[PDB]
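Structure record follows, encoded as structure tokens.
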Amino acid sequence: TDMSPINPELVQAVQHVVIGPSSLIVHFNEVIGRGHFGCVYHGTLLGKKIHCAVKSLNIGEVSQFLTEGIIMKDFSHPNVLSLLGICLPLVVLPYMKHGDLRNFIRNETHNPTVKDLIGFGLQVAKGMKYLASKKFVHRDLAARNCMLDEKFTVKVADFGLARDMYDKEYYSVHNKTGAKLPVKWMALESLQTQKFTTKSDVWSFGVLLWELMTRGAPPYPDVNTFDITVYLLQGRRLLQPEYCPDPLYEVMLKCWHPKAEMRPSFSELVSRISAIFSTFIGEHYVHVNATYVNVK
Ligand SMILES: Cn1cc(-c2ccc3nnc(C(F)(F)c4ccc5nc(NC(=O)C6CC6)cn5n4)n3c2)cn1
Ligand SMILES: [Cl-]
């Protein structure tokens with residue numbers, strides 16, 4: 001690549017994931033939202049009742065649905081969206097009061113500080129550190145794909161059975177293979193090979209940090225296709241946001257290192273961002289840039 005600028009066992013194994021039919025109520029008349037692979041609705045998981053989000057998806061596929069459930073049920077971490085269970089093709093997930101992280105930071109009625117937004121970034125880094133330690137490559141880390149609960153705990157989401165194209169604006173079709181890919185978040189090497197690694201997740205995380213400090217501006221306005229590769233190979237990176245501290249921009253530039261192996265691990269990012277976070281006291285209000293308002 002160019003990097004210099006120019007089954008009985010499966011049934012028994014899935015038992016701890018399955019929710020019984022009469023112990024879940026799906027409110028099909030209360031839609032939360034629509035995705036490409038399924039519609040998401042409000043639900044009551046049942047003694048004791050707990051509020052949840054239920055995604056309704058569209059034999060080999062049944063085996064894979066159960067298998068994906070088991071794998072997803074093993075991932076338990078405060079900054080990762082947990083699987084509550086499955087029902088058959090329904091995916092039962094915790095309801096996220098504040099929706100996706102991008103919409104949250106863009107909302108003009110919210111008044112985040114620098115500390116708040118760096119805090120969200122730190123939470124995402126902790127989630128990714130956990131997933132990377134399980135050898136799980138996300139492939140689509142972005143602010144739209146993380147969610148926020150009632151305590152403002154950020155959860156890395158959009159993986160496993162919750163995988164979808166949640167905003168179709170930011171997925172571009174590769175002219176040969178036909179794959180719809182999030183090109184504005186992709187590493188230089190993934191743009192060229194369509195292979196993904198933990199180090200390409202690190203690149204994406206850098207872009208996510210940029211999204212946080214801009215309060216959800218779209219990266220690279222009017223560069224929407226795989227021609228982003230050419231743009232990057234001119235010797236370019238996303239500019240430093242007005243409210244991004246110098247040390248955090250230095251971190252973003254490390255995430256976008258041309259050589260994948262020279263990019264920091266998520267362990268390193270958690271360390272570095274935690275230090276930066278600790279220097280702020282909640283005095284710097286972050287406002288939206290006039291030139292990014294209303295732009296796609
Ligand atoms: C732009 N955008 C991105 C997403 C997105 C991203 C990642 C993701 N991973 N899983 C899901 C889900 F769909 F399964 C799901 C799971 C729990 C949940 N809680 C709410 N609560 C709200 O919407 C409240 C504000 C009202 C919605 N979901 N959606 N994701 C949905 C939706 N839109
Ligand atoms: Cl602050």
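Ligands are numbered from 1 in the order shown, residues from 1 within each chain, and chains are lettered A, B, ... in the order they appear in the structure tokens.
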(request) Might you pull out every residue within 10 Å of residue 68 in chain A, with only C-alpha atoms counted and same-chain residues fewer than 6 positions away left off, and present them as a ChimeraX atom specification? (result) /A:14,62,160-161
Throw together the list of residues within 7 Å of ligand 1, counting only C-alpha atoms and all ligand atoms, and drop it here as a short mmCIF file (atom, residue, chain, number, x, y, z; two decimals) with C-alpha atoms, in the first residue's frame.
```cif
data_model
loop_
_atom_site.label_atom_id
_atom_site.label_comp_id
_atom_site.auth_asym_id
_atom_site.auth_seq_id
_atom_site.Cartn_x
_atom_site.Cartn_y
_atom_site.Cartn_z
CA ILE A 32 -37.21 3.78 18.35
CA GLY A 33 -35.60 3.80 14.91
CA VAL A 40 -35.56 -1.13 16.66
CA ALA A 53 -34.39 -1.77 23.10
CA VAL A 54 -35.43 -4.66 20.82
CA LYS A 55 -34.06 -4.98 17.29
CA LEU A 93 -30.24 -4.64 24.22
CA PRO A 94 -30.27 -2.00 27.01
CA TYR A 95 -32.20 1.17 26.22
CA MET A 96 -29.83 4.12 25.82
CA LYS A 97 -31.67 7.20 27.15
CA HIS A 98 -29.50 9.74 25.27
CA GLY A 99 -29.24 7.86 21.95
CA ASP A 100 -26.14 8.00 19.78
CA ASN A 103 -26.58 13.46 17.92
CA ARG A 144 -22.71 7.75 15.39
CA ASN A 145 -21.97 4.15 16.47
CA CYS A 146 -21.45 4.86 20.20
CA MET A 147 -24.35 5.42 22.57
CA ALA A 157 -22.02 -0.22 20.14
CA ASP A 158 -22.84 -1.23 16.53
CA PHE A 159 -21.12 -4.64 16.68
CA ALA A 162 -26.37 -4.86 16.63
CA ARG A 163 -24.26 -4.21 13.48
CA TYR A 166 -27.31 3.62 11.14
CA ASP A 167 -26.68 6.74 9.00
#
```
With the cut-off set at 6 Å and counting only C-alpha atoms and all ligand atoms, tabulate each residue of chain A with an atom at most that distance from an atom of ligand 2, showing the nearest atom pair and its distance in Å to one decimal, ordered by chain and increasing number, as JSON lines.
```
{"residue": "A:113", "atom": "CA", "partner": "ligand 2", "partner_atom_place_in_ligand_line": "1 (Cl)", "distance": 4.8}
{"residue": "A:114", "atom": "CA", "partner": "ligand 2", "partner_atom_place_in_ligand_line": "1 (Cl)", "distance": 4.2}
{"residue": "A:115", "atom": "CA", "partner": "ligand 2", "partner_atom_place_in_ligand_line": "1 (Cl)", "distance": 4.2}
{"residue": "A:280", "atom": "CA", "partner": "ligand 2", "partner_atom_place_in_ligand_line": "1 (Cl)", "distance": 4.9}
{"residue": "A:281", "atom": "CA", "partner": "ligand 2", "partner_atom_place_in_ligand_line": "1 (Cl)", "distance": 5.1}
{"residue": "A:282", "atom": "CA", "partner": "ligand 2", "partner_atom_place_in_ligand_line": "1 (Cl)", "distance": 3.3}
{"residue": "A:283", "atom": "CA", "partner": "ligand 2", "partner_atom_place_in_ligand_line": "1 (Cl)", "distance": 4.3}
{"residue": "A:284", "atom": "CA", "partner": "ligand 2", "partner_atom_place_in_ligand_line": "1 (Cl)", "distance": 4.0}
```
Which of range 98-142 of chain A counts as helix (DSSP H, G or I) under DSSP, as an mmCIF file with C-alpha atoms, in the first residue's frame please?
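Result saved to selection-v8.cif:
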```cif
data_model
loop_
_atom_site.group_PDB
_atom_site.id
_atom_site.type_symbol
_atom_site.label_atom_id
_atom_site.label_comp_id
_atom_site.auth_asym_id
_atom_site.auth_seq_id
_atom_site.Cartn_x
_atom_site.Cartn_y
_atom_site.Cartn_z
ATOM 1 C CA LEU A 101 -23.114 10.054 20.806
ATOM 2 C CA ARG A 102 -22.994 12.172 17.604
ATOM 3 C CA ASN A 103 -26.579 13.463 17.921
ATOM 4 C CA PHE A 104 -25.991 14.109 21.637
ATOM 5 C CA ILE A 105 -22.969 16.413 21.124
ATOM 6 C CA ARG A 106 -24.616 18.182 18.127
ATOM 7 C CA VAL A 114 -13.816 20.431 27.127
ATOM 8 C CA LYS A 115 -13.583 18.051 30.119
ATOM 9 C CA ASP A 116 -16.958 16.437 29.251
ATOM 10 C CA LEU A 117 -15.990 15.736 25.630
ATOM 11 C CA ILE A 118 -12.469 14.484 26.441
ATOM 12 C CA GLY A 119 -14.246 12.339 29.077
ATOM 13 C CA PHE A 120 -16.445 10.783 26.379
ATOM 14 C CA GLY A 121 -13.309 10.097 24.317
ATOM 15 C CA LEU A 122 -11.626 8.488 27.329
ATOM 16 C CA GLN A 123 -14.685 6.240 27.817
ATOM 17 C CA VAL A 124 -14.607 5.140 24.171
ATOM 18 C CA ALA A 125 -10.870 4.369 24.562
ATOM 19 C CA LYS A 126 -11.626 2.178 27.599
ATOM 20 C CA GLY A 127 -14.307 0.319 25.609
ATOM 21 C CA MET A 128 -11.914 -0.204 22.686
ATOM 22 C CA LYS A 129 -9.099 -1.299 25.020
ATOM 23 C CA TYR A 130 -11.446 -4.024 26.291
ATOM 24 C CA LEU A 131 -12.573 -5.107 22.780
ATOM 25 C CA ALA A 132 -8.995 -5.058 21.436
ATOM 26 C CA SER A 133 -7.981 -7.310 24.388
#
```
